[PDB]
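Asks: Got an experimental structure here, sequence first:
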Amino acid sequence: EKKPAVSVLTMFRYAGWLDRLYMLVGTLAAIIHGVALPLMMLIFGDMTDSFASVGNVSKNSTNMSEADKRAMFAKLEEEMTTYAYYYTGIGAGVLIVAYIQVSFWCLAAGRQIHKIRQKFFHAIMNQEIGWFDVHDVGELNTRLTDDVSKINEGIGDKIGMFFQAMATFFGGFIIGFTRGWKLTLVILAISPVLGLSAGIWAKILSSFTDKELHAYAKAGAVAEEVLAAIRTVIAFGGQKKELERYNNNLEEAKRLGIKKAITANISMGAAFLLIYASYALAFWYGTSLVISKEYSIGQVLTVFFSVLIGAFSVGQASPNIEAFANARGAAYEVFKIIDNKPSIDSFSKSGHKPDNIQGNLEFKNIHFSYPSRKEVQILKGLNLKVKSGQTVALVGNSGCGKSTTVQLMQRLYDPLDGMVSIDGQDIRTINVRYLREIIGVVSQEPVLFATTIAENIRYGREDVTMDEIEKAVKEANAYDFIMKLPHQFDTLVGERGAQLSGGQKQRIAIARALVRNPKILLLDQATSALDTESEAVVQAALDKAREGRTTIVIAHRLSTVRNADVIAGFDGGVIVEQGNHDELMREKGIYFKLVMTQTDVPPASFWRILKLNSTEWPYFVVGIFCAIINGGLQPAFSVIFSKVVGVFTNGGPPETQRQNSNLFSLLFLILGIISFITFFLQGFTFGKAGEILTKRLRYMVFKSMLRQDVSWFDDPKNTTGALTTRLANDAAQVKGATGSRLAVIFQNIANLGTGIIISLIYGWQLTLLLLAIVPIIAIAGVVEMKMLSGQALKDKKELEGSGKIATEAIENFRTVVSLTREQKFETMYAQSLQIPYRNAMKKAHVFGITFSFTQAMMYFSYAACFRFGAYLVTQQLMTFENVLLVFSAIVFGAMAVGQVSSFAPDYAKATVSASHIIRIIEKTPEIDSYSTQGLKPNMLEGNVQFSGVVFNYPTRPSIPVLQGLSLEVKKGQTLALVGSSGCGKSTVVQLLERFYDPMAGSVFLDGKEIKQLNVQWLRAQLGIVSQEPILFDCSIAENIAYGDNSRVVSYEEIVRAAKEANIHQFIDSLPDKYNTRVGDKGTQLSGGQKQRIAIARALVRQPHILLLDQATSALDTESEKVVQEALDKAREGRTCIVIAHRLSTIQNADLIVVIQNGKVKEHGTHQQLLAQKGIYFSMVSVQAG
Ligand SMILES: [Hg+2]
Ligand SMILES: [Hg+2]
Ligand SMILES: [Hg+2]
Ligand SMILES: [Hg+2]
Ligand SMILES: [Hg+2]
Ligand SMILES: [Hg+2]
Ligand SMILES: [Hg+2]
């Protein structure tokens, strides 16, 4: 894939003349900061030149014993004063400059973002309604804060950091050439091999990356299927059969993960070799040029570093480019919306605004097709008039085009052909806001906004008084119930507040329209979702609302329409018939046909996690030794680098300056080789140690997950997705807290430990300065990581309130356009952004300082060392070689632990990722399905008995469900459970399945308490038939055979089960009869046919109990009767408990139980409970209507 982007010059629109100034000044700062370090290398060379000019004089030949001390040392004391005044001068200039760099760029970005948010949100509120039809709203809402966040990255400080790095790239290669061009051109001849070597691996590391996500996608698809279907898994006890499927597809991503683990460390050691190799080749050649008195030692050390600084400056500007390019990419999708102009402008002020509107409506030859499918036409040549004050009712079948009428009259769409007119004037010639202000809509499903009732009404009109709210509420028949609410009119409604009934919400929606006082009223299926009781009060409110207004209603439920003035019957976008109720009933057309049919913070320890990888201890031993060696190469380099410069800066005969240097020069390749080996071995032992640990933990987890009982899967935290996540990536991230953490610690110890030792003996005074400053500079890098993340939470949390407003407006956009309150949410959006704006303008002031005080404390400490270290050479207390042997042992070694710790996986994220694993493993359930003990008798009777069971769902222990529920079920007969809502009938199936235990009471099977039986054997002789049957992506034969696990199951056994389920006849005509793959790829079976499979699945087990829980939850009229044939067949000679909602099934049952509030109110046969004239008699009386 390749996504488009914006031109550079476009993207920086919305940048006023002040914003254009900050970026320019911010650059000139960034340029200075970029060159600031090259000058430190240039001075560093001139520093060693002063030391080298005397380093060999005073040693070989002794002119005087103490009159020569002053001679050479008073020369250095005057030369080293300037080099020290120079070093502090940079850190002072950095402190100023580094502030300007970050401050001015983040400021110019902030002023632009604030304009973008408002310009982008207003752009969305201005779009057409056909525009919302095509686009996915979910991405759009995230696009308001994700793409906007993506632009903010690539126009803030990240540009300042780019011009800083490029000012070093040119600033570095400049001083290299101008102080000595031969040695640089050597290095620039090998660096293409390094830029080549780096890119080739990133192509192979991205190769072994994307090969991995599609490798676990096979396993993770099994994880997502099971943990969503866990109720069927536990019910049929396939908790070991799903483990093998998940495991057999789990070794692929292990062997593949090693090919990354090897290659990932080759790419390091290969590129790390080429550093040490390019080190020798530049030092071997750089030393040959000082022997001949062409260069000094200062010239080599400047040019060699200043190239590597300027060369490594590329890699420091790579992500800052990608952020700027990602910012252009995200800015394209945004700026498209701002510059997109609609034909139906809800903000324009063009058309007329006619007063004293009578409401004469007309439709003239309307042809319309929704923008999703132009090819199909909904309306074709539709003509219709509506006289002022009259009510017209539109009726028809499906695909008729009724709801289009409401949507064309608000002008949410423009008709292709024809003309919609109000009072003889075309609708397209009047102003849109005034049009929708003179119209009130009453949609099918009523919407309420997360505010008070008063604000919900004030969205009808912002300037309404509280007296007018009371009147409009009274007219809507909503007053008396509002006064019964706790906080009267200030009661908080919406998603956030108390839930109101459906009939109550729609009456509020009326009051919004009534406040507008419209001349036209539109009702789009206003009472479809409401029941018979709530509809009656609303119709009185609507009939009141219609008085003196022209009205068009999209009417279902035809009885409400009989008193209407005129009816219109639709067939294929055309009105076929029109007249009064009596006329169309007489016509015996379309309308007559319709009327007559009606009438997360756990604490895991480091030692616990490490024990998980204990079964591969030999891999850990090698990685420790190997980690020590690579940790030893860093202080080794400090010697070999110092021993080189020690030759030409302490004194020696030119007879030995060749073999010493060439030795030390080729000792870098020795370090370079050993680097390549230790990386090739670090990722071969700790690498496999991590990829084994992933596979073994994903198995242990998914094993332990299925062990858990149902109350665990009932939790809100343990959702099927959050468990697949926990099983997918969290299971693998543990390895960053086992062997990787030992590779770190042994490398950090072997480096900084042995580096501390050496520097202490070679110079005990200077180290106490540096090892006192290293803690200071390391802390500063941490506090920036803190305040960068602690501020990331603060700003991103202040923005959700702004985002809640937007989310409320996008998710209900069709509403707000009808209320014409686009401007309101715009202001509400802007008012919410006033807080993060004024906060972010001081954020740049902060991060300007924290960036300056980090860089300045480094350059000042660079001067505090080479000032104090110079004082140690003047007093003859240490050699300049020992300075570099101290400095490049502590500093370059203290930098090494960061380059290590920053390369390894996130240890904090790894430990918490591991603590979640251990809980999921070490958790044993109240009901161990994997257990083996239990009575498990040879008694095949089937006497069920509940005795006073008391149960509360542990997810909600406050509510009760069952209180003293007792009931028996004799062998072979049927028991039916019925009741109102929240009675507890479905709990019986789950307690006999033993998904949960009861708090008190007991459940017996064949006179034996089920808590003593084996759980698998209990569920074995129970045949569950769930409401919505879960079918797995597999063939018919395997899905049915899943019922009875651990059986040979041959061809002969399969067909008998499908026969008795009444699918054999339907199957035999299907393509490839019983081998037909079922799932998303294969044939889609109807809801009734799926249930017969779940019945067939239960029949193969041959259980002596059958639980039927709300089966037949569908309207498949033909397939319905087929299911009941199969259901009656299964119950004939088995103990049966039925969760009854259909009144036809229960009449022939042997016994019935009416439950209410966990108590049996009455029980008996059908005829007895009918003659009881109690609760059960009330239920049968309802169907007589
Ligand atoms: Hg910033
Ligand atoms: Hg319709
Ligand atoms: Hg290693
Ligand atoms: Hg130093
Ligand atoms: Hg119920
Ligand atoms: Hg399957
Ligand atoms: Hg039965």
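Replies: Thanks, I have the structure now. Residues are numbered from 1 along each chain as shown. Ligands and ions are numbered 1, 2, ... in the order given.

Asks: How much space separates residue 405 from residue 579?
Replies: As judged by C-beta to C-beta, to the nearest Å, residue 405 and residue 579 stand 18 Å apart. Backbone N, C-alpha and C define where each C-beta goes, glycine included.

Asks: Could you check which of these two has the larger neighbour count?
Replies: Taking other C-beta atoms under 10 Å, residue 405 and residue 579 do not tie; residue 405 has more neighbours (27 against 16).

Asks: got the residue ranges for the helices in the stretch 951-1100 of the chain?
Replies: Per DSSP state H, counting those that start in this stretch, the stretch 951-1100 of the chain has helices spanning 985-992, 1015-1020, 1036-1041, 1051-1060, 1064-1068, 1087-1101. These are given in chain order.

Asks: what's in contact with the fifth one?
Replies: I take that to be helix 1064-1068. Residues from elsewhere that reach helix 1064-1068 (C-beta atoms under 8 Å, 6 or more residues apart in numbering): 1036, 1055, 1058, 1073, 1074, 1076, 1089.

Asks: Which two of those residues have the greatest separation?
Replies: 1055 and 1089 (16.7 Å; C-beta to C-beta).

Asks: Please identify which of those two sits among more neighbours.
Replies: residue 1089 (20 against 14).

Asks: gap between the residue nearest to the more buried one when sequence neighbours are not counted and ligand 6?
Replies: If the residues on either side of it in the chain are set aside, residue 1089 comes closest to residue 1119, at 5.9 Å by C-beta to C-beta, 6 or more residues apart in numbering. Distance, residue 1119 to ligand 6, using C-beta to the ion, to the nearest Å: 24 Å.

Asks: To what extent is residue 1119 buried, counted in neighbours?
Replies: Residues contacting residue 1119 under the criterion other C-beta under 10 Å number 21.

Asks: which residues touch it?
Replies: 1086, 1087, 1088, 1089.

Asks: how about the helices in the stretch 101-250 of the chain?
Replies: 129-134, 137-143, 147-153, 157-179, 181-205, 207-228, 230-236, 241-248.

Asks: before we move on, what about the stretch 651-800 of the chain?
Replies: Under DSSP H, counting those that start in this stretch, the stretch 651-800 of the chain gives helices at 657-707, 710-713, 720-728, 739-748, 754-762, 764-798, 800-811.

Asks: Ligand 6: which of these is closest?
Replies: helix 657-707 (16.1 Å; C-beta to the ion).

Asks: how close does whatever residue of the stretch 251-400 of the chain ends up closest to ligand 1 sit to ligand 7?
Replies: Residue of the stretch 251-400 of the chain nearest ligand 1, by C-beta to the ion: residue 323 (12.0 Å). With distances taken as C-beta to the ion, residue 323 is found 69 Å from ligand 7.

Asks: burial count for that residue?
Replies: Residue 323 sits with 21 neighbouring residues when counted by other C-beta under 10 Å.

Asks: thought it was touching residue 154?
Replies: Yes: if you go by C-beta atoms under 8 Å, residue 323 and residue 154 touch, sitting 4.3 Å apart.

Asks: Kindly report the residues of the stretch 451-600 of the chain close to ligand 3.
Replies: For the stretch 451-600 of the chain, no residue is in contact with ligand 3 (C-beta under 5 Å from the ion).

Asks: For the stretch 451-600 of the chain, which segments count as helices?
Replies: Using DSSP H, counting those that start in this stretch, the helices of the stretch 451-600 of the chain run over residues 453-458, 466-475, 479-483, 502-516, 532-546, 581-587, 590-598.

Asks: what's the angle from the fourth one to helix 466-475?
Replies: Between helix 502-516 and helix 466-475, the angle formed by their directions is 130 degrees, by axes from the mean of the first three to the mean of the last three C-alpha atoms, to 10 degrees.

Asks: now helix 502-516: how far from the chain's centre is it?
Replies: 37 Å (C-alpha atoms, centre = their mean, to the nearest Å).

Asks: how deep is whichever residue of the stretch 1-150 of the chain sits closest to ligand 6 tucked in, by neighbour count?
Replies: Using C-beta to the ion, the single residue of the stretch 1-150 of the chain nearest to ligand 6 is residue 138, 30.9 Å away. Applying other C-beta under 10 Å, we find 10 residues neighbouring residue 138.

Asks: Could you measure from residue 594 over to residue 205?
Replies: In terms of C-beta to C-beta, residue 594 sits 66 Å off from residue 205.

Asks: Kindly apply the preceding question to residue 1058 instead.
Replies: 52 Å.

Asks: Then residue 129?
Replies: Distance from residue 129 to residue 205, by C-beta to C-beta: 47 Å.

Asks: Residue 710 too?
Replies: Counting by C-beta to C-beta - residue 710 and residue 205 are separated by 43 Å.

Asks: Comparing the two, which residue is more hemmed in?
Replies: Applying other C-beta under 10 Å to residue 710 and residue 205 shows that residue 710 carries more neighbours, namely 20 against 14.

Asks: Now do the contacts for that one.
Replies: Residue 710 sits in contact with 230, 231, 234, 990, 995, 996, where contact means C-beta under 8 Å, 6+ apart.

Asks: for the residue of the chain found nearest ligand 1, what are its contacts?
Replies: Among all residues of the chain, residue 106 sits closest to ligand 1, at 3.0 Å; criterion: C-beta to the ion. Shown in contact with residue 106 (C-beta under 8 Å, 6+ apart): 156, 157, 840, 843, 844, 847, 848.

Asks: Give me the spatial nearest neighbour of the first one, chain neighbours excluded.
Replies: Nearest residue to residue 156, sequence neighbours excluded (C-beta to C-beta, 6+ apart): residue 109, at 3.9 Å.

Asks: Can you name the residues that contact the one you found?
Replies: So residue 109 contacts 152, 155, 156, 157 (C-beta under 8 Å, 6+ apart).

Asks: my guess is the second one meets residue 325, correct?
Replies: No: taking C-beta under 8 Å as the definition, residue 155 is not a contact partner of residue 325, at 11.8 Å.

Asks: TSV for the helices of the stretch 951-1100 of the chain, including distance to residue 97?
Replies: Formatted as TSV, these follow (distance: least, C-beta to C-beta, whole Å):
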stretch	distance to residue 97
helix 985-992	70
helix 1015-1020	72
helix 1036-1041	71
helix 1051-1060	80
helix 1064-1068	80
helix 1087-1101	71
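
Asks: Need the winner for burial among the ones you listed.
Replies: The highest mean neighbour count among those, using mean count of other C-beta atoms under 10 Å, belongs to helix 1087-1101: a mean of 24.

Asks: Return the list of helices and strands in contact with that one.
Replies: strand 1022-1025, helix 1036-1041, helix 1051-1060, helix 1117-1130 (3 or more C-beta pairs under 8 Å, 6 or more residues apart in numbering; DSSP states H and E).
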